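First the structure, in the form of structure tokens, and then the observations on it.
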4 protein chains.
Amino acid sequence: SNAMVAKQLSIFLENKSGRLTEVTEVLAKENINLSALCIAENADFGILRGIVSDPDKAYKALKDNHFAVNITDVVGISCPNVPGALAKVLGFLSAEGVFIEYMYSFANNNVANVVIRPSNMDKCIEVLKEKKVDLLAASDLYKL
Amino acid sequence: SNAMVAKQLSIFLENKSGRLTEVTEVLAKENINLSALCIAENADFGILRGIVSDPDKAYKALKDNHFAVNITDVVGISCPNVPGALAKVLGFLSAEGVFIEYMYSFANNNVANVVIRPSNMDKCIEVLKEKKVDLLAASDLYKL
Amino acid sequence: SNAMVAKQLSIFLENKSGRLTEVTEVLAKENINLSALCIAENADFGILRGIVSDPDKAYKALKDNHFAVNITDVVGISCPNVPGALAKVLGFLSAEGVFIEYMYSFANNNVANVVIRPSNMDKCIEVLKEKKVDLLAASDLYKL
Amino acid sequence: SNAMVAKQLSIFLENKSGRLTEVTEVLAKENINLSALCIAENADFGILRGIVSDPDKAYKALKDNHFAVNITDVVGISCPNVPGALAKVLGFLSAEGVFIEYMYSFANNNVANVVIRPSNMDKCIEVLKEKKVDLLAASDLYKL
Ligand SMILES: N[C@@H](Cc1c[nH]c[nH+]1)C(=O)O
Ligand SMILES: N[C@@H](Cc1c[nH]c[nH+]1)C(=O)O
Ligand SMILES: N[C@@H](Cc1c[nH]c[nH+]1)C(=O)O
Ligand SMILES: N[C@@H](Cc1c[nH]c[nH+]1)C(=O)O
């Protein structure tokens, strides 16, 4: 293992109309909880990016139901739910030449949970640990 | 007003490297809290989609700092943080021909907060109220 | 349905060094020509949007090779390859409130060929016929 | 920098009925020709990616009209308009581990012209020179 590196599902949603409901139905039937998701969409289709409670079980269920799914490495962090808090993290990263390809995040009461897909995963984790950023274990992320 | 309809900022992040840190710095300086965000990215640029604590103040600060920003109507909902919970909502919508253009969401302890951009905003809100889905007031969404 | 409407292939490229090559090798092995293509991408993977010489045959060959492939209706038009030619077409559409979701075009010597995916195909086609834009037959788009 | 590399305009289209028309009218009013274009879109707005006859002049005119416009390096190539021609180019790149972020191409009678944005321009150009692919000078891409 790699510890703080989490598996994100990327799921190709064809049609529009449709398939997103069936995907959430596949996952419900397996008692797989969704922790975090974000759709990256275009005019015709979406891609569901997804943090789930059991990514390997979820992946095989989806393939079995004929979905196109890929797994991507991402890292979860927690910071205070106050103005400028995320700003401080991103400034640590950018000062070290580590850039965000995408991220998604919500405030959760007093903190905020952030999923990141960094330009360089080894370097990103290095900086964050160095700057004493709360990283989430992949397993913490899967049980939000 | 329109009540449950919230303002989402969409912010054009040029470069890659960069500009996301400056945007979060603009917002920090105004003591504007981020509630929820999601980047919809391509190979060159991103678009930061953003739920903030004061969208009008945030919008004018960003324009003042020469960002390209647009506001979009979205609706926030809350459901249980259990398997199939989101599934039930989406099935209500799709049974009524209301489809999701995009959404993003995180589990927040015992519930989950979901931001939706529906195919039809008037119809989406109608179905959800009818099916007794917890909608979030726009103001609830801005203070997560 | 509509007259003139052509089948665009949308192929999930699961990424980023062929998979894409593999698509093009599957089509070449079938003696299927690419007339036009463009990739709509995010940070992790792309969607190849393609006009090909036989879309049903390409579909089958790509499905046989386990690609996720969808079909989308699009419309081909021609206009003079001169400044202002395309602008003149776009103004017909935008004055009748016809939105463009996406399009792709290249100058081809004396004409430009443009593939359009409008928000409403019915209204799009009506306005183009009415304003006498040169619509392509699907089979003319396929033989480029 | 590299030899052969051309300037692609990436224009924020803030949406979805011109704004796009307005871009094309700004360029036509400057007597600037579009050689190639494609829109990379999401549900709310698009990004127009364009090759034009004078990219610095188009940039200035679009900035003068308050568009958010960025410049990206891309590379133009030609290949025979026959099945397998493009596949042959893509296999050179993918065998040397060169990833394609996006590309767009149309068959132009006897050749196809392809605009490529690779993940690493240096390595891309090296492999194309070496394997003798027909690279376009920027000024040849601009005069299509
Ligand atoms: N509310 C915090 C943390 C946050 C980021 N995203 C969501 N919440 C901020 O403004 O940085
Ligand atoms: N955990 C819940 C709700 C949820 C949706 N997105 C994030 N959480 C489910 O599986 O539906
Ligand atoms: N070159 C023509 C038409 C065109 C659009 N795209 C490619 N060509 C113009 O500038 O209007
Ligand atoms: N038509 C050629 C080259 C091409 C790519 N795109 C447009 N044309 C092929 O099938 O390889």
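Just so we're on the same page: first chain in the structure tokens is A, next is B, and so on; residues restart at 1 for each chain, and ligands are numbered from 1 in the order they show up.
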
Item to complete: For range 87-103 of chain B, please output as a ChimeraX atom specification all residues within 6 Å (counting only C-alpha atoms; exclusion window: fewer than 3 positions along the same chain).
Response: /A:17,21,24-25,38-39 /B:84,115-119

Discussion item. I'd like the neighbourhood of residue 83 in chain A as a ChimeraX atom specification, where a residue qualifies if any of its atoms comes within 6 Å (using only C-alpha atoms), though same-chain residues fewer than 3 positions away should be ignored.
Written reply: /B:28,31-33

Go ahead and write the selection's residues with N, CA, C and O atoms as a PDB file, in the first residue's frame.
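Everything below was put into result-v4.pdb:
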```
ATOM      1  N   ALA B  28     -10.517  34.808   0.495  1.00  0.00           N
ATOM      2  CA  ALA B  28     -10.037  34.900   1.875  1.00  0.00           C
ATOM      3  C   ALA B  28      -9.959  36.339   2.370  1.00  0.00           C
ATOM      4  O   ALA B  28     -10.248  36.628   3.553  1.00  0.00           O
ATOM      5  N   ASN B  31     -13.069  37.763   3.715  1.00  0.00           N
ATOM      6  CA  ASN B  31     -13.644  36.890   4.757  1.00  0.00           C
ATOM      7  C   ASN B  31     -14.870  36.184   4.182  1.00  0.00           C
ATOM      8  O   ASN B  31     -15.921  36.107   4.827  1.00  0.00           O
ATOM      9  N   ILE B  32     -14.721  35.691   2.941  1.00  0.00           N
ATOM     10  CA  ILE B  32     -15.739  34.921   2.279  1.00  0.00           C
ATOM     11  C   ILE B  32     -15.353  33.486   2.457  1.00  0.00           C
ATOM     12  O   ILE B  32     -14.251  33.063   2.086  1.00  0.00           O
ATOM     13  N   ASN B  33     -16.257  32.740   3.092  1.00  0.00           N
ATOM     14  CA  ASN B  33     -16.099  31.290   3.274  1.00  0.00           C
ATOM     15  C   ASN B  33     -16.589  30.497   2.054  1.00  0.00           C
ATOM     16  O   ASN B  33     -17.686  30.743   1.480  1.00  0.00           O
TER      17      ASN B  33
END
```

Fitted chain B, least squares over ordered Cα pairs with chain C, as a short mmCIF file (atom, residue, chain, number, x, y, z; two decimals) with N, CA and C atoms, in the first residue's frame:
```cif
data_model
loop_
_atom_site.label_atom_id
_atom_site.label_comp_id
_atom_site.auth_asym_id
_atom_site.auth_seq_id
_atom_site.Cartn_x
_atom_site.Cartn_y
_atom_site.Cartn_z
N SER B 1 -35.84 7.84 -41.45
CA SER B 1 -34.68 8.79 -41.32
C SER B 1 -35.11 10.27 -41.06
N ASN B 2 -34.13 11.18 -41.11
CA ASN B 2 -34.17 12.56 -40.55
C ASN B 2 -33.26 13.50 -41.40
N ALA B 3 -32.42 12.83 -42.23
CA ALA B 3 -31.63 13.28 -43.43
C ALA B 3 -30.32 14.04 -43.20
N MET B 4 -30.43 15.24 -42.63
CA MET B 4 -29.29 16.10 -42.38
C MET B 4 -28.74 15.77 -41.00
N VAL B 5 -29.45 14.96 -40.24
CA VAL B 5 -28.97 14.59 -38.91
C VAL B 5 -27.99 13.42 -39.01
N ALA B 6 -26.78 13.67 -38.55
CA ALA B 6 -25.70 12.73 -38.61
C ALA B 6 -25.41 12.07 -37.26
N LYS B 7 -24.83 10.89 -37.33
CA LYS B 7 -24.41 10.16 -36.16
C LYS B 7 -22.95 10.52 -35.89
N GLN B 8 -22.70 11.05 -34.70
CA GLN B 8 -21.37 11.23 -34.22
C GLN B 8 -21.03 10.16 -33.19
N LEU B 9 -19.87 9.55 -33.31
CA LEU B 9 -19.42 8.66 -32.24
C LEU B 9 -18.74 9.46 -31.14
N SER B 10 -19.10 9.13 -29.91
CA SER B 10 -18.36 9.57 -28.75
C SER B 10 -17.74 8.37 -28.09
N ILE B 11 -16.41 8.36 -28.02
CA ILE B 11 -15.68 7.25 -27.54
C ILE B 11 -14.83 7.60 -26.30
N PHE B 12 -15.07 6.85 -25.21
CA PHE B 12 -14.40 7.05 -23.92
C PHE B 12 -13.00 6.44 -23.99
N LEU B 13 -11.97 7.28 -23.90
CA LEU B 13 -10.57 6.84 -24.05
C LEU B 13 -10.07 6.87 -22.62
N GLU B 14 -9.88 5.70 -22.05
CA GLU B 14 -9.34 5.59 -20.71
C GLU B 14 -7.80 5.80 -20.69
N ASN B 15 -7.13 5.72 -19.54
CA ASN B 15 -5.63 5.68 -19.60
C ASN B 15 -5.08 7.07 -20.15
N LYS B 16 -4.31 7.13 -21.25
CA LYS B 16 -3.93 8.42 -21.98
C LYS B 16 -2.92 8.21 -23.15
N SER B 17 -2.59 6.95 -23.48
CA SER B 17 -1.15 6.56 -23.68
C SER B 17 -0.57 5.54 -24.73
N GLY B 18 -1.32 4.87 -25.60
CA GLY B 18 -2.48 4.12 -25.23
C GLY B 18 -3.58 3.83 -26.22
N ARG B 19 -4.75 4.16 -25.71
CA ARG B 19 -6.02 3.71 -26.19
C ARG B 19 -6.45 4.43 -27.41
N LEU B 20 -5.98 5.67 -27.60
CA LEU B 20 -6.38 6.40 -28.81
C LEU B 20 -5.80 5.69 -30.09
N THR B 21 -4.58 5.19 -29.97
CA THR B 21 -3.98 4.48 -31.08
C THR B 21 -4.74 3.19 -31.42
N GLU B 22 -5.00 2.39 -30.40
CA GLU B 22 -5.88 1.23 -30.57
C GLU B 22 -7.23 1.56 -31.19
N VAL B 23 -7.88 2.68 -30.83
CA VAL B 23 -9.19 3.02 -31.42
C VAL B 23 -9.02 3.30 -32.89
N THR B 24 -7.98 4.02 -33.22
CA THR B 24 -7.79 4.33 -34.65
C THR B 24 -7.39 3.08 -35.43
N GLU B 25 -6.71 2.17 -34.75
CA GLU B 25 -6.43 0.82 -35.29
C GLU B 25 -7.67 -0.08 -35.53
N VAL B 26 -8.54 -0.25 -34.55
CA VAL B 26 -9.92 -0.78 -34.78
C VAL B 26 -10.63 -0.24 -36.02
N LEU B 27 -10.70 1.08 -36.15
CA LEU B 27 -11.35 1.68 -37.30
C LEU B 27 -10.62 1.45 -38.62
N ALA B 28 -9.28 1.55 -38.63
CA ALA B 28 -8.47 1.23 -39.82
C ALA B 28 -8.71 -0.19 -40.32
N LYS B 29 -8.80 -1.13 -39.38
CA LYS B 29 -8.92 -2.55 -39.75
C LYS B 29 -10.26 -2.81 -40.49
N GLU B 30 -11.27 -1.98 -40.21
CA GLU B 30 -12.55 -2.12 -40.85
C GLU B 30 -12.67 -1.33 -42.18
N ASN B 31 -11.58 -0.66 -42.57
CA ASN B 31 -11.53 0.29 -43.70
C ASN B 31 -12.58 1.37 -43.48
N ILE B 32 -12.65 1.87 -42.23
CA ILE B 32 -13.52 2.95 -41.87
C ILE B 32 -12.67 4.18 -41.87
N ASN B 33 -13.08 5.13 -42.71
CA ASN B 33 -12.43 6.45 -42.79
C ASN B 33 -12.98 7.43 -41.74
N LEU B 34 -12.06 8.18 -41.16
CA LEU B 34 -12.39 9.28 -40.28
C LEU B 34 -12.54 10.56 -41.10
N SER B 35 -13.66 11.26 -40.97
CA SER B 35 -13.91 12.53 -41.68
C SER B 35 -13.54 13.75 -40.89
N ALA B 36 -13.78 13.65 -39.60
CA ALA B 36 -13.71 14.78 -38.67
C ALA B 36 -13.65 14.19 -37.28
N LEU B 37 -12.75 14.71 -36.48
CA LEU B 37 -12.75 14.34 -35.12
C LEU B 37 -12.25 15.48 -34.24
N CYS B 38 -12.44 15.32 -32.94
CA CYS B 38 -12.16 16.39 -32.03
C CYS B 38 -12.10 15.61 -30.73
N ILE B 39 -11.07 15.83 -29.96
CA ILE B 39 -11.06 15.20 -28.67
C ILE B 39 -11.52 16.22 -27.63
N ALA B 40 -12.52 15.86 -26.84
CA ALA B 40 -12.81 16.70 -25.65
C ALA B 40 -12.15 16.04 -24.43
N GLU B 41 -11.04 16.61 -23.92
CA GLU B 41 -10.19 15.93 -22.92
C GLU B 41 -10.26 16.51 -21.50
N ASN B 42 -9.97 15.67 -20.52
CA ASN B 42 -9.65 16.20 -19.22
C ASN B 42 -8.25 15.66 -18.85
N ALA B 43 -7.80 15.97 -17.64
CA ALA B 43 -6.49 15.56 -17.15
C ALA B 43 -6.29 14.02 -17.18
N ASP B 44 -7.34 13.24 -17.16
CA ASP B 44 -7.06 11.82 -17.01
C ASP B 44 -7.39 11.11 -18.30
N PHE B 45 -8.49 11.51 -18.96
CA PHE B 45 -9.06 10.75 -20.06
C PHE B 45 -9.49 11.70 -21.14
N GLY B 46 -9.77 11.15 -22.32
CA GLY B 46 -10.44 11.93 -23.34
C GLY B 46 -11.73 11.36 -23.81
N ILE B 47 -12.50 12.20 -24.45
CA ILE B 47 -13.52 11.65 -25.25
C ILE B 47 -13.27 12.00 -26.73
N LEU B 48 -13.09 10.96 -27.53
CA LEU B 48 -13.01 11.15 -28.95
C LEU B 48 -14.40 11.33 -29.53
N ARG B 49 -14.65 12.52 -30.03
CA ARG B 49 -15.81 12.78 -30.84
C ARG B 49 -15.43 12.64 -32.31
N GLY B 50 -16.24 11.92 -33.06
CA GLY B 50 -15.78 11.38 -34.30
C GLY B 50 -16.89 11.33 -35.33
N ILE B 51 -16.60 11.88 -36.50
CA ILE B 51 -17.39 11.62 -37.72
C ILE B 51 -16.67 10.58 -38.58
N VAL B 52 -17.30 9.42 -38.81
CA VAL B 52 -16.67 8.36 -39.59
C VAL B 52 -17.50 8.01 -40.88
N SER B 53 -16.93 7.18 -41.76
CA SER B 53 -17.59 6.83 -43.05
C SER B 53 -18.79 5.87 -42.95
N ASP B 54 -18.80 5.06 -41.89
CA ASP B 54 -19.87 4.11 -41.61
C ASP B 54 -20.09 4.03 -40.08
N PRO B 55 -20.92 4.93 -39.51
CA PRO B 55 -21.03 4.95 -38.03
C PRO B 55 -21.56 3.65 -37.37
N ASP B 56 -22.46 2.93 -38.02
CA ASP B 56 -23.03 1.70 -37.45
C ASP B 56 -22.01 0.55 -37.41
N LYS B 57 -21.25 0.40 -38.49
CA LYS B 57 -20.18 -0.60 -38.56
C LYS B 57 -19.09 -0.24 -37.53
N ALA B 58 -18.73 1.05 -37.46
CA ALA B 58 -17.76 1.54 -36.49
C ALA B 58 -18.17 1.32 -35.06
N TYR B 59 -19.40 1.70 -34.74
CA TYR B 59 -19.95 1.41 -33.42
C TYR B 59 -19.88 -0.07 -33.01
N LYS B 60 -20.27 -0.97 -33.88
CA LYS B 60 -20.28 -2.39 -33.47
C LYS B 60 -18.84 -2.95 -33.31
N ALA B 61 -17.92 -2.53 -34.18
CA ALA B 61 -16.50 -2.88 -34.07
C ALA B 61 -15.87 -2.41 -32.71
N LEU B 62 -16.14 -1.17 -32.37
CA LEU B 62 -15.72 -0.62 -31.10
C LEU B 62 -16.30 -1.36 -29.89
N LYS B 63 -17.63 -1.60 -29.84
CA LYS B 63 -18.24 -2.42 -28.76
C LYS B 63 -17.64 -3.83 -28.66
N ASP B 64 -17.38 -4.43 -29.82
CA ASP B 64 -16.75 -5.74 -29.94
C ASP B 64 -15.34 -5.74 -29.33
N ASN B 65 -14.62 -4.64 -29.50
CA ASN B 65 -13.30 -4.45 -28.91
C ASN B 65 -13.32 -3.82 -27.52
N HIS B 66 -14.52 -3.75 -26.92
CA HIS B 66 -14.74 -3.41 -25.50
C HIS B 66 -14.53 -1.94 -25.22
N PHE B 67 -14.72 -1.09 -26.24
CA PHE B 67 -14.77 0.36 -26.03
C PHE B 67 -16.14 0.78 -25.57
N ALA B 68 -16.20 1.84 -24.75
CA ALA B 68 -17.43 2.50 -24.43
C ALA B 68 -17.69 3.60 -25.49
N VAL B 69 -18.76 3.47 -26.28
CA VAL B 69 -19.11 4.39 -27.38
C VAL B 69 -20.56 4.73 -27.30
N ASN B 70 -20.87 5.97 -27.60
CA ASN B 70 -22.26 6.44 -27.62
C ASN B 70 -22.40 7.15 -28.94
N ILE B 71 -23.62 7.22 -29.48
CA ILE B 71 -23.89 8.00 -30.70
C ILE B 71 -24.67 9.24 -30.31
N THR B 72 -24.31 10.38 -30.90
CA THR B 72 -25.00 11.67 -30.69
C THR B 72 -25.41 12.19 -32.05
N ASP B 73 -26.54 12.91 -32.11
CA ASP B 73 -27.02 13.56 -33.34
C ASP B 73 -26.24 14.86 -33.39
N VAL B 74 -25.69 15.17 -34.55
CA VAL B 74 -25.11 16.46 -34.90
C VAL B 74 -25.55 16.77 -36.36
N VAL B 75 -25.27 18.00 -36.79
CA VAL B 75 -25.61 18.46 -38.18
C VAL B 75 -24.34 19.12 -38.74
N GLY B 76 -24.05 18.82 -40.01
CA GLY B 76 -22.92 19.40 -40.72
C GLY B 76 -23.39 20.53 -41.61
N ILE B 77 -22.63 21.63 -41.68
CA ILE B 77 -22.92 22.72 -42.59
C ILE B 77 -21.62 23.10 -43.31
N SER B 78 -21.79 23.79 -44.43
CA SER B 78 -20.70 24.30 -45.18
C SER B 78 -20.94 25.80 -45.34
N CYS B 79 -19.89 26.59 -45.20
CA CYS B 79 -20.03 28.01 -45.53
C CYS B 79 -18.79 28.51 -46.24
N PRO B 80 -18.83 29.72 -46.79
CA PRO B 80 -17.57 30.22 -47.37
C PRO B 80 -16.37 30.32 -46.39
N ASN B 81 -15.18 30.08 -46.94
CA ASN B 81 -13.96 30.19 -46.16
C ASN B 81 -13.47 31.62 -46.24
N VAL B 82 -14.26 32.52 -45.68
CA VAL B 82 -13.92 33.94 -45.61
C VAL B 82 -14.28 34.45 -44.21
N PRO B 83 -13.62 35.54 -43.73
CA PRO B 83 -13.94 36.16 -42.45
C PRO B 83 -15.42 36.50 -42.30
N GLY B 84 -15.98 36.16 -41.14
CA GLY B 84 -17.36 36.54 -40.81
C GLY B 84 -18.44 35.59 -41.32
N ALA B 85 -18.00 34.53 -42.00
CA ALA B 85 -18.90 33.66 -42.68
C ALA B 85 -19.61 32.82 -41.64
N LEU B 86 -18.84 32.22 -40.73
CA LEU B 86 -19.40 31.46 -39.61
C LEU B 86 -20.23 32.35 -38.68
N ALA B 87 -19.73 33.57 -38.42
CA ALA B 87 -20.39 34.62 -37.68
C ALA B 87 -21.83 34.85 -38.12
N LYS B 88 -22.06 34.80 -39.44
CA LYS B 88 -23.37 35.09 -40.03
C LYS B 88 -24.31 33.93 -39.70
N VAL B 89 -23.80 32.72 -39.83
CA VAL B 89 -24.58 31.57 -39.47
C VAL B 89 -25.02 31.60 -37.99
N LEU B 90 -24.10 31.94 -37.10
CA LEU B 90 -24.30 31.81 -35.67
C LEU B 90 -25.29 32.89 -35.23
N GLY B 91 -25.28 34.00 -35.97
CA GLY B 91 -26.14 35.13 -35.68
C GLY B 91 -27.55 34.78 -36.12
N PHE B 92 -27.69 34.06 -37.23
CA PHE B 92 -29.01 33.56 -37.62
C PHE B 92 -29.51 32.70 -36.47
N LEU B 93 -28.68 31.80 -35.95
CA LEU B 93 -29.16 30.84 -34.95
C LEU B 93 -29.49 31.55 -33.69
N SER B 94 -28.58 32.40 -33.23
CA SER B 94 -28.83 33.03 -31.95
C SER B 94 -30.05 34.02 -31.98
N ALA B 95 -30.26 34.73 -33.09
CA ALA B 95 -31.46 35.57 -33.28
C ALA B 95 -32.77 34.78 -33.11
N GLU B 96 -32.67 33.45 -33.31
CA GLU B 96 -33.84 32.57 -33.16
C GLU B 96 -33.80 31.73 -31.88
N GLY B 97 -32.90 32.08 -30.97
CA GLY B 97 -32.75 31.37 -29.69
C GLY B 97 -32.20 29.95 -29.76
N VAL B 98 -31.45 29.63 -30.83
CA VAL B 98 -30.86 28.31 -30.98
C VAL B 98 -29.36 28.42 -30.63
N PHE B 99 -28.90 27.74 -29.59
CA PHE B 99 -27.50 27.93 -29.21
C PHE B 99 -26.62 26.68 -29.48
N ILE B 100 -25.31 26.91 -29.57
CA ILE B 100 -24.35 25.84 -29.91
C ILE B 100 -23.90 25.16 -28.61
N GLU B 101 -24.12 23.85 -28.40
CA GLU B 101 -23.52 23.20 -27.23
C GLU B 101 -22.02 22.98 -27.47
N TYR B 102 -21.67 22.46 -28.64
CA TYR B 102 -20.29 22.47 -29.18
C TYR B 102 -20.34 22.38 -30.70
N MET B 103 -19.17 22.63 -31.28
CA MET B 103 -18.96 22.52 -32.73
C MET B 103 -17.49 22.30 -32.94
N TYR B 104 -17.12 21.78 -34.11
CA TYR B 104 -15.75 21.71 -34.52
C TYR B 104 -15.76 21.90 -36.02
N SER B 105 -14.66 22.45 -36.57
CA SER B 105 -14.63 22.78 -37.96
C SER B 105 -13.27 23.13 -38.51
N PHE B 106 -13.07 22.87 -39.81
CA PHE B 106 -11.81 23.19 -40.50
C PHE B 106 -12.20 23.88 -41.80
N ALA B 107 -11.35 24.78 -42.27
CA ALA B 107 -11.41 25.26 -43.64
C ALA B 107 -10.95 24.16 -44.62
N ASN B 108 -11.74 23.98 -45.67
CA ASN B 108 -11.44 23.05 -46.78
C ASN B 108 -11.45 23.87 -48.09
N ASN B 109 -10.24 24.30 -48.46
CA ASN B 109 -9.99 25.21 -49.55
C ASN B 109 -10.91 26.44 -49.53
N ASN B 110 -11.88 26.50 -50.44
CA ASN B 110 -12.77 27.62 -50.58
C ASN B 110 -14.00 27.62 -49.65
N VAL B 111 -14.28 26.50 -49.00
CA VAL B 111 -15.40 26.45 -48.03
C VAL B 111 -14.87 25.99 -46.67
N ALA B 112 -15.76 25.85 -45.72
CA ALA B 112 -15.39 25.36 -44.41
C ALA B 112 -16.50 24.43 -44.02
N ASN B 113 -16.15 23.31 -43.40
CA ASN B 113 -17.10 22.31 -42.96
C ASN B 113 -17.26 22.45 -41.46
N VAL B 114 -18.49 22.45 -40.99
CA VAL B 114 -18.73 22.67 -39.57
C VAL B 114 -19.67 21.60 -39.08
N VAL B 115 -19.27 20.92 -38.02
CA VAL B 115 -20.14 20.02 -37.27
C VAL B 115 -20.67 20.70 -36.01
N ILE B 116 -21.99 20.68 -35.90
CA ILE B 116 -22.69 21.33 -34.82
C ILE B 116 -23.51 20.41 -33.99
N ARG B 117 -23.40 20.56 -32.68
CA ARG B 117 -24.38 19.98 -31.72
C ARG B 117 -25.17 21.17 -31.11
N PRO B 118 -26.38 21.43 -31.64
CA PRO B 118 -27.23 22.52 -31.25
C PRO B 118 -28.05 22.23 -30.00
N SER B 119 -28.51 23.30 -29.36
CA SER B 119 -29.41 23.19 -28.24
C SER B 119 -30.74 22.48 -28.61
N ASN B 120 -31.23 22.71 -29.82
CA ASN B 120 -32.47 22.10 -30.25
C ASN B 120 -32.25 21.66 -31.70
N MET B 121 -32.31 20.37 -31.97
CA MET B 121 -32.00 19.95 -33.33
C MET B 121 -33.06 20.30 -34.41
N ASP B 122 -34.35 20.10 -34.09
CA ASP B 122 -35.43 20.46 -35.03
C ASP B 122 -35.37 21.98 -35.35
N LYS B 123 -35.23 22.83 -34.33
CA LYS B 123 -35.20 24.27 -34.58
C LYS B 123 -33.96 24.75 -35.35
N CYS B 124 -32.82 24.14 -35.06
CA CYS B 124 -31.58 24.51 -35.70
C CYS B 124 -31.72 24.27 -37.20
N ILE B 125 -32.21 23.08 -37.58
CA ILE B 125 -32.29 22.74 -38.99
C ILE B 125 -33.29 23.65 -39.71
N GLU B 126 -34.36 23.99 -39.02
CA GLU B 126 -35.39 24.88 -39.56
C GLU B 126 -34.79 26.23 -39.96
N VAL B 127 -34.09 26.87 -39.02
CA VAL B 127 -33.46 28.21 -39.22
C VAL B 127 -32.47 28.18 -40.39
N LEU B 128 -31.62 27.16 -40.41
CA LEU B 128 -30.55 27.07 -41.39
C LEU B 128 -31.14 26.95 -42.78
N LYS B 129 -32.15 26.09 -42.95
CA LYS B 129 -32.83 25.89 -44.25
C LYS B 129 -33.49 27.23 -44.70
N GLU B 130 -34.22 27.84 -43.76
CA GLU B 130 -34.86 29.15 -43.91
C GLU B 130 -33.85 30.21 -44.37
N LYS B 131 -32.69 30.27 -43.72
CA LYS B 131 -31.68 31.25 -44.08
C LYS B 131 -30.75 30.77 -45.23
N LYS B 132 -31.16 29.70 -45.94
CA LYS B 132 -30.42 29.26 -47.11
C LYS B 132 -28.93 28.94 -46.81
N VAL B 133 -28.66 28.45 -45.60
CA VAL B 133 -27.34 27.91 -45.23
C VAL B 133 -27.09 26.53 -45.91
N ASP B 134 -25.90 26.26 -46.49
CA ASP B 134 -25.62 24.94 -47.05
C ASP B 134 -25.58 23.93 -45.89
N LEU B 135 -26.58 23.07 -45.78
CA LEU B 135 -26.51 22.02 -44.79
C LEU B 135 -25.85 20.89 -45.52
N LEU B 136 -25.19 20.02 -44.77
CA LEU B 136 -24.67 18.75 -45.37
C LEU B 136 -25.62 17.58 -45.06
N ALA B 137 -25.96 16.77 -46.06
CA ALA B 137 -26.66 15.51 -45.80
C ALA B 137 -25.76 14.70 -44.87
N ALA B 138 -26.31 13.84 -44.00
CA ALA B 138 -25.42 13.05 -43.10
C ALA B 138 -24.42 12.30 -43.97
N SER B 139 -24.89 11.73 -45.08
CA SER B 139 -24.05 10.96 -46.00
C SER B 139 -22.92 11.78 -46.61
N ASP B 140 -23.11 13.08 -46.85
CA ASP B 140 -22.04 13.98 -47.31
C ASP B 140 -20.93 14.11 -46.26
N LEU B 141 -21.36 14.24 -45.02
CA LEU B 141 -20.48 14.32 -43.91
C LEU B 141 -19.62 13.04 -43.73
N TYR B 142 -20.25 11.87 -43.82
CA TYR B 142 -19.53 10.59 -43.74
C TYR B 142 -18.49 10.28 -44.88
N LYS B 143 -18.46 11.08 -45.93
CA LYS B 143 -17.53 10.81 -47.05
C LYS B 143 -16.60 12.01 -47.31
N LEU B 144 -16.37 12.85 -46.32
CA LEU B 144 -15.50 13.99 -46.58
C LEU B 144 -14.05 13.53 -46.93
#
```

Discussion item. As a PyMOL selection string, please: every residue in range 3-112 of chain A that a backbone DSSP assignment puts in strand (DSSP E or B).
Written reply: chain A and resi 5-13+34-41+46-52+68-80+100-108+111-112

Practice prompt. Report as an NGL selection string: the residues of chain C with a DSSP assignment of helix (DSSP H, G or I), based on the backbone of this structure.
Written response: :C and (20-29 or 55-64 or 85-95 or 121-130 or 138-142)
